[PDB]
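This is protein_13.cif. It holds mmCIF, C-alpha atoms.
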```cif
data_upload
loop_
_atom_site.label_atom_id
_atom_site.label_comp_id
_atom_site.auth_asym_id
_atom_site.auth_seq_id
_atom_site.Cartn_x
_atom_site.Cartn_y
_atom_site.Cartn_z
CA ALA A 407 -12.35 16.73 4.04
CA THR A 408 -13.52 13.27 5.13
CA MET A 409 -16.69 13.07 3.01
CA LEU A 410 -16.46 15.51 0.09
CA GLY A 411 -12.74 14.81 -0.33
CA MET A 412 -11.63 18.44 -0.26
CA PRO A 413 -7.87 19.07 -0.30
CA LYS A 414 -6.90 19.45 3.34
CA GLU A 415 -4.11 21.93 2.59
CA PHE A 416 -6.64 24.45 1.27
CA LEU A 417 -8.82 23.81 4.33
CA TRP A 418 -5.96 24.62 6.71
CA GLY A 419 -6.23 28.32 5.87
CA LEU A 420 -9.96 28.42 6.63
CA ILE A 421 -9.50 27.29 10.26
CA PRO A 422 -9.64 30.25 12.68
CA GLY A 423 -6.47 30.89 14.66
CA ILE A 424 -4.12 29.76 11.87
CA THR A 425 -2.62 32.39 9.57
CA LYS A 426 -1.14 31.93 6.11
CA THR A 427 2.39 32.31 7.49
CA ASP A 428 1.68 29.42 9.86
CA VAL A 429 0.26 27.48 6.90
CA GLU A 430 3.50 28.05 4.97
CA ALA A 431 5.54 26.98 8.01
CA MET A 432 3.48 23.78 8.25
CA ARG A 433 3.94 23.19 4.51
CA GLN A 434 7.72 23.57 4.67
CA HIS A 435 8.18 21.40 7.79
CA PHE A 436 5.45 18.82 7.15
CA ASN A 437 7.79 15.96 6.18
CA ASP A 438 10.88 16.68 8.26
CA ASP A 439 13.15 13.73 9.01
CA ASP A 440 13.33 14.47 12.75
CA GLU A 441 12.24 11.57 14.96
CA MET A 442 9.77 13.77 16.83
CA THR A 443 8.22 15.07 13.61
CA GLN A 444 7.94 11.56 12.17
CA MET A 445 6.36 10.20 15.36
CA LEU A 446 3.84 13.04 15.39
CA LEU A 447 3.09 12.46 11.70
CA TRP A 448 2.37 8.75 12.32
CA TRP A 449 0.69 9.25 15.71
CA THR A 450 -1.88 6.56 16.43
CA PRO A 451 -4.09 6.96 19.52
CA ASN A 452 -2.11 4.22 21.30
CA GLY A 453 1.27 5.86 20.79
CA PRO A 454 3.35 6.38 17.65
CA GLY A 455 2.75 4.20 14.62
CA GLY A 456 4.27 3.85 11.17
CA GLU A 457 7.83 2.57 11.05
CA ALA B 407 -22.53 12.85 -1.18
CA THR B 408 -22.37 9.72 0.97
CA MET B 409 -25.96 8.53 0.49
CA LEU B 410 -27.41 10.07 -2.68
CA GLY B 411 -24.06 9.75 -4.48
CA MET B 412 -23.86 13.35 -5.66
CA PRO B 413 -20.61 14.43 -7.35
CA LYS B 414 -18.43 15.91 -4.62
CA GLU B 415 -16.78 18.42 -6.97
CA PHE B 416 -20.12 20.13 -7.60
CA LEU B 417 -20.79 20.12 -3.85
CA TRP B 418 -17.50 21.90 -3.10
CA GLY B 419 -18.90 25.15 -4.50
CA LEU B 420 -21.99 25.04 -2.27
CA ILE B 421 -19.97 25.00 0.97
CA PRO B 422 -19.83 28.49 2.54
CA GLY B 423 -16.39 30.04 2.80
CA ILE B 424 -15.09 28.47 -0.44
CA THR B 425 -15.24 30.49 -3.65
CA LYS B 426 -15.08 29.28 -7.25
CA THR B 427 -11.49 30.48 -7.61
CA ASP B 428 -10.57 28.32 -4.61
CA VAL B 429 -12.52 25.46 -6.22
CA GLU B 430 -10.47 25.86 -9.40
CA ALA B 431 -7.25 25.93 -7.36
CA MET B 432 -8.31 22.71 -5.62
CA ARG B 433 -9.15 21.15 -8.99
CA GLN B 434 -5.78 22.01 -10.53
CA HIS B 435 -3.70 20.88 -7.54
CA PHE B 436 -5.79 17.90 -6.43
CA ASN B 437 -3.39 15.20 -7.69
CA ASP B 438 0.00 16.87 -7.30
CA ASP B 439 3.00 14.56 -7.00
CA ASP B 440 4.39 16.33 -3.92
CA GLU B 441 4.89 14.06 -0.93
CA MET B 442 2.87 16.36 1.33
CA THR B 443 -0.05 16.49 -1.11
CA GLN B 444 -0.02 12.71 -1.55
CA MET B 445 0.08 12.12 2.21
CA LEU B 446 -2.83 14.52 2.73
CA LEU B 447 -4.77 12.82 -0.08
CA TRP B 448 -4.35 9.40 1.58
CA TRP B 449 -4.71 10.61 5.17
CA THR B 450 -6.10 7.93 7.46
CA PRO B 451 -6.97 8.91 11.05
CA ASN B 452 -3.89 7.04 12.30
CA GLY B 453 -1.44 8.85 10.04
CA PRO B 454 -0.91 8.74 6.28
CA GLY B 455 -2.12 5.75 4.31
CA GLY B 456 -1.96 4.64 0.69
CA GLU B 457 1.49 3.85 -0.63
CA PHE B 458 3.14 5.34 2.47
CA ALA B 459 1.64 2.74 4.81
CA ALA B 460 2.04 0.10 2.10
CA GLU B 461 5.81 0.65 2.08
CA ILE B 462 5.93 0.09 5.84
CA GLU B 463 3.77 -3.04 5.55
CA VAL B 464 5.87 -4.56 2.76
CA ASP B 465 9.11 -3.74 4.58
CA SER B 466 7.85 -5.43 7.75
CA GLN B 467 6.58 -8.50 5.90
CA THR B 468 9.78 -8.74 3.85
CA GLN B 469 11.90 -8.62 7.01
CA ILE B 470 9.77 -11.34 8.64
CA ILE B 471 9.95 -13.48 5.49
CA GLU B 472 13.72 -12.99 5.34
CA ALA B 473 14.14 -14.12 8.96
CA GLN B 474 11.96 -17.18 8.34
CA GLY B 475 13.97 -17.93 5.21
CA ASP B 476 17.21 -17.66 7.17
CA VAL B 477 16.05 -20.14 9.82
CA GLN B 478 14.76 -22.47 7.10
CA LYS B 479 18.11 -22.20 5.29
CA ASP B 480 20.07 -23.18 8.39
CA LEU B 481 17.66 -26.07 8.97
CA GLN B 482 18.18 -27.24 5.38
CA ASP B 483 21.96 -26.96 5.75
CA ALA B 484 21.84 -29.08 8.91
CA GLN B 485 19.64 -31.65 7.15
CA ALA B 486 22.01 -31.79 4.17
CA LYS B 487 25.03 -32.29 6.43
CA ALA B 488 23.20 -35.03 8.34
CA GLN B 489 22.25 -36.82 5.12
CA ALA B 490 25.80 -36.52 3.80
CA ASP B 491 27.37 -38.00 6.93
CA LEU B 492 24.73 -40.75 7.11
CA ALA B 493 25.40 -41.74 3.50
CA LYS B 494 29.16 -41.63 4.09
CA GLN B 495 28.97 -43.86 7.16
CA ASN B 496 26.58 -46.27 5.42
CA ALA B 497 28.92 -46.60 2.44
CA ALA B 498 31.90 -47.06 4.77
CA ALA B 499 30.13 -49.81 6.73
CA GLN B 500 28.98 -51.55 3.53
CA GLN B 501 32.47 -51.54 2.03
CA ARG B 502 33.99 -52.65 5.36
CA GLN B 503 31.67 -55.66 5.55
CA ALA B 504 32.25 -56.36 1.84
CA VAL B 505 36.06 -56.40 2.09
CA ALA B 506 35.96 -58.99 4.90
CA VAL B 507 36.58 -62.30 3.13
CA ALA C 407 -32.73 6.43 -0.68
CA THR C 408 -31.03 4.10 1.80
CA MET C 409 -34.17 2.39 3.16
CA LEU C 410 -37.01 2.77 0.64
CA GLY C 411 -34.54 2.44 -2.25
CA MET C 412 -35.64 5.51 -4.18
CA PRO C 413 -33.65 6.44 -7.30
CA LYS C 414 -31.03 8.91 -6.11
CA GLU C 415 -31.01 10.84 -9.39
CA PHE C 416 -34.64 11.87 -8.87
CA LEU C 417 -33.81 12.83 -5.28
CA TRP C 418 -30.98 15.14 -6.38
CA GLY C 419 -33.51 17.67 -7.69
CA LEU C 420 -35.41 17.82 -4.39
CA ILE C 421 -32.35 18.90 -2.37
CA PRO C 422 -32.37 22.67 -1.73
CA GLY C 423 -29.52 24.64 -3.27
CA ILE C 424 -29.29 22.45 -6.39
CA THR C 425 -31.11 23.45 -9.58
CA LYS C 426 -32.05 21.31 -12.56
CA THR C 427 -29.22 22.79 -14.64
CA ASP C 428 -26.79 21.66 -11.94
CA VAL C 429 -28.49 18.25 -11.96
CA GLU C 430 -27.95 18.00 -15.72
CA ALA C 431 -24.31 19.04 -15.29
CA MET C 432 -23.87 16.31 -12.67
CA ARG C 433 -25.54 13.80 -14.99
CA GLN C 434 -23.27 14.62 -17.93
CA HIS C 435 -20.01 14.65 -15.95
CA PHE C 436 -20.76 11.87 -13.46
CA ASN C 437 -18.46 9.24 -15.01
CA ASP C 438 -15.67 11.36 -16.45
CA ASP C 439 -12.33 9.61 -16.96
CA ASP C 440 -10.36 12.34 -15.17
CA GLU C 441 -8.27 11.06 -12.27
CA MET C 442 -9.73 13.63 -9.87
CA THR C 443 -13.30 12.71 -10.83
CA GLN C 444 -12.55 8.99 -10.45
CA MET C 445 -10.94 9.51 -7.04
CA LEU C 446 -13.91 11.57 -5.87
CA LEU C 447 -16.32 8.93 -7.20
CA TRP C 448 -14.49 6.21 -5.23
CA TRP C 449 -13.74 8.31 -2.14
CA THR C 450 -13.53 6.23 1.01
CA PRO C 451 -13.20 8.06 4.35
CA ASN C 452 -9.53 6.99 4.55
CA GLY C 453 -8.59 8.38 1.15
CA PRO C 454 -9.52 7.29 -2.38
CA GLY C 455 -10.68 3.75 -3.01
CA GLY C 456 -11.62 1.72 -6.06
CA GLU C 457 -8.82 1.02 -8.50
CA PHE C 458 -6.52 3.51 -6.74
CA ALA C 459 -6.45 1.48 -3.52
CA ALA C 460 -6.49 -1.75 -5.54
CA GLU C 461 -3.24 -0.79 -7.28
CA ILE C 462 -1.57 -0.22 -3.90
CA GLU C 463 -2.92 -3.53 -2.57
CA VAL C 464 -1.75 -5.53 -5.59
CA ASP C 465 1.66 -3.84 -5.53
CA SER C 466 2.10 -4.71 -1.85
CA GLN C 467 0.97 -8.31 -2.32
CA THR C 468 3.14 -8.71 -5.43
CA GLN C 469 6.20 -7.46 -3.54
CA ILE C 470 5.50 -9.85 -0.66
CA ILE C 471 4.96 -12.76 -3.05
CA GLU C 472 8.17 -11.88 -4.89
CA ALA C 473 10.18 -11.88 -1.65
CA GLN C 474 8.67 -15.23 -0.64
CA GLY C 475 9.46 -16.59 -4.09
CA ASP C 476 13.05 -15.38 -3.79
CA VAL C 477 13.58 -17.14 -0.47
CA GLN C 478 11.92 -20.28 -1.85
CA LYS C 479 14.18 -20.11 -4.92
CA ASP C 480 17.34 -19.92 -2.83
CA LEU C 481 16.06 -22.81 -0.70
CA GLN C 482 15.43 -24.87 -3.85
CA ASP C 483 18.90 -24.04 -5.19
CA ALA C 484 20.45 -25.19 -1.91
CA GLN C 485 18.40 -28.40 -2.01
CA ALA C 486 19.44 -29.07 -5.61
CA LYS C 487 23.11 -28.54 -4.77
CA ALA C 488 22.80 -30.84 -1.75
CA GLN C 489 21.15 -33.57 -3.84
CA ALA C 490 23.79 -33.20 -6.57
CA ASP C 491 26.71 -33.53 -4.15
CA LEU C 492 25.06 -36.42 -2.30
CA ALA C 493 24.50 -38.32 -5.55
CA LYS C 494 28.06 -37.58 -6.69
CA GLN C 495 29.58 -38.85 -3.44
CA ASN C 496 27.33 -41.92 -3.43
CA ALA C 497 28.35 -42.81 -6.98
CA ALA C 498 32.02 -42.22 -6.12
CA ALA C 499 31.81 -44.49 -3.06
CA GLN C 500 29.96 -47.19 -5.01
CA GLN C 501 32.52 -47.19 -7.82
CA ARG C 502 35.39 -47.11 -5.32
CA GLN C 503 34.07 -50.20 -3.53
CA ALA C 504 33.37 -51.86 -6.90
CA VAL C 505 36.89 -51.34 -8.27
CA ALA C 506 38.44 -53.05 -5.23
CA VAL C 507 39.07 -56.61 -6.42
#
```
Would you encode the structure as structure tokens?
Amino acid sequence: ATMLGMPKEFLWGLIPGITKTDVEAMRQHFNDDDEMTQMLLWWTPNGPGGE
Amino acid sequence: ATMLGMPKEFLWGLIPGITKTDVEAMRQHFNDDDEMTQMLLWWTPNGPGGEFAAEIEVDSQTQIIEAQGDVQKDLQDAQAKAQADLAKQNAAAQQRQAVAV
Amino acid sequence: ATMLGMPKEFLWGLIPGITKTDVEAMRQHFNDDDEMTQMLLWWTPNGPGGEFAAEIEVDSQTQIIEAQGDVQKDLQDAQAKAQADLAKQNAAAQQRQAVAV
């Protein structure tokens, strides 16, 4: 994903331990407006980032 | 891909675990306009990048510029009031010393 | 390629898993105008680069410059109004003290 620029969404299904139902759940709730979800989405190593 | 500059699309098919149908699916949905797809396409290690981080940056800089403009505006208003009162008092003193005869 | 500066195109054929037909296909479709091909050609680790990141950068800087110009414009309007009223009051005071006779 970092070098060849593959779409990460397609690479989610190839990771062991994650099923396609979990992939769909991640897809539906990727950009939720909850504060926790937003902080996790913009999580820098030194705490939350973004807005 | 990094050093020899090979086309990455041709190198997708050589990676084990990815078939040519999956390669075609990646090709067709590479530049989708969905927010999730765009965030994944511009994914920096510290969260999404691209226009998503640009919006945050411009909002922050605009807020800072607006605050600086507000303080400059109040400074200019104070300067204008000071100049107005100074001119008024100077004119009053000049006319007061002129009337005396 | 990085140190001795060998031509990378000649080194593509020596990499196992890539045939000369694939090398020709890479040669013909290296600089395609497709958005996906251009993004892959300018792929930085933190998402696409090249003109795609340049557009984001120029949009951000243009928005910041526009906000700064807006605050400067309102400051200039306030300064112009202050100068206008100061000149008006100065002329009024001068004519008022001149009429007195």
Residues selected by the PyMOL selection byres ((chain C) within 7 of (chain B)), written as a PDB file with C-alpha atoms, in the frame of the given file:
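Contents of result-v8.pdb, freshly written:
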```pdb
ATOM      1  CA  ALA C 407     -32.730   6.430  -0.680  1.00  0.00           C
ATOM      2  CA  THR C 408     -31.030   4.100   1.800  1.00  0.00           C
ATOM      3  CA  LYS C 414     -31.030   8.910  -6.110  1.00  0.00           C
ATOM      4  CA  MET C 432     -23.870  16.310 -12.670  1.00  0.00           C
ATOM      5  CA  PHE C 436     -20.760  11.870 -13.460  1.00  0.00           C
ATOM      6  CA  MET C 442      -9.730  13.630  -9.870  1.00  0.00           C
ATOM      7  CA  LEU C 446     -13.910  11.570  -5.870  1.00  0.00           C
ATOM      8  CA  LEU C 447     -16.320   8.930  -7.200  1.00  0.00           C
ATOM      9  CA  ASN C 452      -9.530   6.990   4.550  1.00  0.00           C
ATOM     10  CA  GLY C 453      -8.590   8.380   1.150  1.00  0.00           C
ATOM     11  CA  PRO C 454      -9.520   7.290  -2.380  1.00  0.00           C
ATOM     12  CA  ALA C 459      -6.450   1.480  -3.520  1.00  0.00           C
ATOM     13  CA  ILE C 462      -1.570  -0.220  -3.900  1.00  0.00           C
ATOM     14  CA  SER C 466       2.100  -4.710  -1.850  1.00  0.00           C
ATOM     15  CA  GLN C 469       6.200  -7.460  -3.540  1.00  0.00           C
ATOM     16  CA  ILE C 470       5.500  -9.850  -0.660  1.00  0.00           C
ATOM     17  CA  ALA C 473      10.180 -11.880  -1.650  1.00  0.00           C
ATOM     18  CA  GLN C 474       8.670 -15.230  -0.640  1.00  0.00           C
ATOM     19  CA  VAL C 477      13.580 -17.140  -0.470  1.00  0.00           C
ATOM     20  CA  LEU C 481      16.060 -22.810  -0.700  1.00  0.00           C
ATOM     21  CA  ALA C 488      22.800 -30.840  -1.750  1.00  0.00           C
ATOM     22  CA  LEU C 492      25.060 -36.420  -2.300  1.00  0.00           C
ATOM     23  CA  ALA C 499      31.810 -44.490  -3.060  1.00  0.00           C
ATOM     24  CA  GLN C 503      34.070 -50.200  -3.530  1.00  0.00           C
TER      25      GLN C 503
END
```
- [ ] Please evaluate the PyMOL selection byres ((chain A and resi 445) around 12) against the displayed coordinates and give the resulting residues as a PyMOL selection string.
- [x] (chain A and resi 436-444+446-457) or (chain B and resi 452-454)
Running the PyMOL selection byres ((chain A) within 12 of (chain C)) on this model by hand, what would come out? Give it as a JSON list (two decimals) with C-alpha atoms, keeping the file's coordinate frame.
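Saved to result08.json:
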```
[["chain", "number", "residue", "atom", "x", "y", "z"],
["A", 407, "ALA", "CA", -12.35, 16.73, 4.04],
["A", 408, "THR", "CA", -13.52, 13.27, 5.13],
["A", 409, "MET", "CA", -16.69, 13.07, 3.01],
["A", 410, "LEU", "CA", -16.46, 15.51, 0.09],
["A", 411, "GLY", "CA", -12.74, 14.81, -0.33],
["A", 412, "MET", "CA", -11.63, 18.44, -0.26],
["A", 413, "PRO", "CA", -7.87, 19.07, -0.30],
["A", 414, "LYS", "CA", -6.90, 19.45, 3.34]]
```
Would you write out chain C as an mmCIF file with C-alpha atoms, keeping the file's coordinate frame, after superposing it on chain B by least squares over all in-order Cα pairs?
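Result saved to selection20.cif:
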```cif
data_model
loop_
_atom_site.group_PDB
_atom_site.id
_atom_site.type_symbol
_atom_site.label_atom_id
_atom_site.label_comp_id
_atom_site.auth_asym_id
_atom_site.auth_seq_id
_atom_site.Cartn_x
_atom_site.Cartn_y
_atom_site.Cartn_z
ATOM 1 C CA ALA C 407 -22.565 12.836 -1.198
ATOM 2 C CA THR C 408 -22.372 9.722 0.978
ATOM 3 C CA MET C 409 -25.977 8.527 0.516
ATOM 4 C CA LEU C 410 -27.416 10.052 -2.672
ATOM 5 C CA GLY C 411 -24.018 9.771 -4.385
ATOM 6 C CA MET C 412 -23.814 13.340 -5.642
ATOM 7 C CA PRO C 413 -20.595 14.415 -7.386
ATOM 8 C CA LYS C 414 -18.441 15.927 -4.656
ATOM 9 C CA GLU C 415 -16.800 18.434 -7.002
ATOM 10 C CA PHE C 416 -20.153 20.132 -7.622
ATOM 11 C CA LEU C 417 -20.806 20.119 -3.871
ATOM 12 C CA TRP C 418 -17.516 21.902 -3.128
ATOM 13 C CA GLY C 419 -18.924 25.154 -4.528
ATOM 14 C CA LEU C 420 -22.005 25.050 -2.288
ATOM 15 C CA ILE C 421 -19.977 24.968 0.951
ATOM 16 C CA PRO C 422 -19.802 28.430 2.566
ATOM 17 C CA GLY C 423 -16.350 29.975 2.833
ATOM 18 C CA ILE C 424 -15.095 28.479 -0.449
ATOM 19 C CA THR C 425 -15.260 30.500 -3.671
ATOM 20 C CA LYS C 426 -15.108 29.289 -7.256
ATOM 21 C CA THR C 427 -11.507 30.483 -7.611
ATOM 22 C CA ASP C 428 -10.603 28.301 -4.629
ATOM 23 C CA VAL C 429 -12.541 25.445 -6.243
ATOM 24 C CA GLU C 430 -10.499 25.857 -9.430
ATOM 25 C CA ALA C 431 -7.284 25.933 -7.387
ATOM 26 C CA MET C 432 -8.330 22.695 -5.674
ATOM 27 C CA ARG C 433 -9.159 21.162 -9.055
ATOM 28 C CA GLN C 434 -5.778 22.032 -10.566
ATOM 29 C CA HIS C 435 -3.683 20.913 -7.581
ATOM 30 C CA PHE C 436 -5.750 17.925 -6.445
ATOM 31 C CA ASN C 437 -3.353 15.218 -7.685
ATOM 32 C CA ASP C 438 0.022 16.899 -7.311
ATOM 33 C CA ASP C 439 3.021 14.580 -6.994
ATOM 34 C CA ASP C 440 4.370 16.363 -3.905
ATOM 35 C CA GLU C 441 4.865 14.074 -0.917
ATOM 36 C CA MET C 442 2.857 16.359 1.373
ATOM 37 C CA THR C 443 -0.057 16.491 -1.078
ATOM 38 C CA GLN C 444 -0.001 12.701 -1.503
ATOM 39 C CA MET C 445 0.068 12.129 2.260
ATOM 40 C CA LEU C 446 -2.840 14.524 2.752
ATOM 41 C CA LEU C 447 -4.767 12.831 -0.071
ATOM 42 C CA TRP C 448 -4.290 9.422 1.595
ATOM 43 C CA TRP C 449 -4.663 10.615 5.194
ATOM 44 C CA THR C 450 -6.060 7.940 7.471
ATOM 45 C CA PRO C 451 -6.949 8.920 11.057
ATOM 46 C CA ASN C 452 -3.869 7.028 12.316
ATOM 47 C CA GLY C 453 -1.418 8.836 10.059
ATOM 48 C CA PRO C 454 -0.897 8.736 6.286
ATOM 49 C CA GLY C 455 -2.108 5.759 4.300
ATOM 50 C CA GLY C 456 -1.914 4.667 0.684
ATOM 51 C CA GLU C 457 1.545 3.866 -0.612
ATOM 52 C CA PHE C 458 3.174 5.353 2.507
ATOM 53 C CA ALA C 459 1.627 2.742 4.806
ATOM 54 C CA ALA C 460 2.047 0.092 2.102
ATOM 55 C CA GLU C 461 5.819 0.626 2.059
ATOM 56 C CA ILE C 462 5.961 0.095 5.832
ATOM 57 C CA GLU C 463 3.780 -3.023 5.569
ATOM 58 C CA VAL C 464 5.861 -4.572 2.783
ATOM 59 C CA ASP C 465 9.105 -3.750 4.595
ATOM 60 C CA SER C 466 7.840 -5.434 7.765
ATOM 61 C CA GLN C 467 6.581 -8.508 5.915
ATOM 62 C CA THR C 468 9.794 -8.742 3.874
ATOM 63 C CA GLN C 469 11.897 -8.635 7.046
ATOM 64 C CA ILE C 470 9.759 -11.344 8.655
ATOM 65 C CA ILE C 471 9.925 -13.500 5.525
ATOM 66 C CA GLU C 472 13.693 -13.012 5.357
ATOM 67 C CA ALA C 473 14.130 -14.135 8.974
ATOM 68 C CA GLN C 474 11.936 -17.189 8.358
ATOM 69 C CA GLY C 475 13.935 -17.953 5.228
ATOM 70 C CA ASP C 476 17.181 -17.678 7.185
ATOM 71 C CA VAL C 477 16.039 -20.157 9.821
ATOM 72 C CA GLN C 478 14.745 -22.485 7.097
ATOM 73 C CA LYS C 479 18.092 -22.205 5.286
ATOM 74 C CA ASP C 480 20.070 -23.171 8.375
ATOM 75 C CA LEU C 481 17.666 -26.070 8.962
ATOM 76 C CA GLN C 482 18.177 -27.240 5.366
ATOM 77 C CA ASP C 483 21.962 -26.962 5.723
ATOM 78 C CA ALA C 484 21.827 -29.083 8.880
ATOM 79 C CA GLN C 485 19.634 -31.653 7.119
ATOM 80 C CA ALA C 486 22.006 -31.787 4.145
ATOM 81 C CA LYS C 487 25.012 -32.288 6.418
ATOM 82 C CA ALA C 488 23.175 -35.028 8.322
ATOM 83 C CA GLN C 489 22.241 -36.822 5.089
ATOM 84 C CA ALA C 490 25.810 -36.508 3.777
ATOM 85 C CA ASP C 491 27.370 -37.983 6.921
ATOM 86 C CA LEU C 492 24.751 -40.740 7.122
ATOM 87 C CA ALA C 493 25.387 -41.753 3.509
ATOM 88 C CA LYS C 494 29.157 -41.622 4.051
ATOM 89 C CA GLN C 495 28.993 -43.844 7.137
ATOM 90 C CA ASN C 496 26.591 -46.258 5.437
ATOM 91 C CA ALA C 497 28.897 -46.607 2.438
ATOM 92 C CA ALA C 498 31.902 -47.055 4.745
ATOM 93 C CA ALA C 499 30.142 -49.798 6.731
ATOM 94 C CA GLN C 500 28.972 -51.547 3.555
ATOM 95 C CA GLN C 501 32.458 -51.550 2.038
ATOM 96 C CA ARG C 502 33.990 -52.640 5.349
ATOM 97 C CA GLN C 503 31.669 -55.650 5.565
ATOM 98 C CA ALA C 504 32.259 -56.378 1.861
ATOM 99 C CA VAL C 505 36.063 -56.400 2.123
ATOM 100 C CA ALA C 506 35.961 -59.005 4.911
ATOM 101 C CA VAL C 507 36.591 -62.292 3.099
#
```
TODO: State, in Å with one decimal place, the distance from atom CA of residue B:423 to atom CA of residue A:417.
DONE: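 For atom CA of residue B:423 relative to atom CA of residue A:417, the distance reads 9.9 Å.
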- [ ] Could you jot down the atom CA of residue B:429 to atom CA of residue A:416 separation for me, Å, one decimal place?
- [x]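 Result for atom CA of residue B:429 versus atom CA of residue A:416: 9.6 Å, one decimal.
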TODO: In Å, rounded to a single decimal, give me how far atom CA of residue B:424 is from atom CA of residue A:415.
DONE: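 Those two atoms sit 13.1 Å apart.
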Assuming 6 Å of padding per side, give the centre and edge lengths of the axis-aligned box around every listed atom of stretch 445-463 of chain B, in Å to one decimal and as JSON.
```
{"center_x": -0.5, "center_y": 5.7, "center_z": 5.8, "size_x": 24.9, "size_y": 29.6, "size_z": 24.9}
```
